[PDB]
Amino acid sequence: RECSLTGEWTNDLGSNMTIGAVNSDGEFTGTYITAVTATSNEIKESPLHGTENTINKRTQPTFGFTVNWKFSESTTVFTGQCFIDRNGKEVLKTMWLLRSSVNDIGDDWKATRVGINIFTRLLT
């Protein structure tokens, strides 16, 4: 009971993220510090904005967030669920869609990549 979103997280590929307080409407903003950037870069930070679903006030709520990349013209969306694992650790399981910017509508069909990411807490 209590899979909270707020905090610092790290994922399976080296990226880090920090999520602030979740308001009443279930809204939150935060930051994303990436690793893999289809040309990995030093340490570039971008903002994120999402919501957590509050229907039935579930302890392992679903969520979604958009990453507004600051060193590229692409956009990434992440969706998933905040779980309490068998060992009592908080875990974010996610899938994501990476939209690349094309010039012509005739190339739209190849602008979308898909994948997953797993996050666990940092704070230490």
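Position 1 is the first residue in the sequence shown; the rest follow in order.
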*Do the CA atoms of 52 to 60 or those of 93 to 101 have the higher mean B-factor in the entry?*
52 to 60
*Given 69 to 77 and 35 to 43, the range whose Cα B-factors average higher in the PDB entry*: 35 to 43
*Selection by C-alpha B-factor (highest) of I116, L13, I19, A111*: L13
*Within this chain's modelled residues, let me know which third the CA B factor of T120 belongs to: lowest, middle or highest.*
lowest
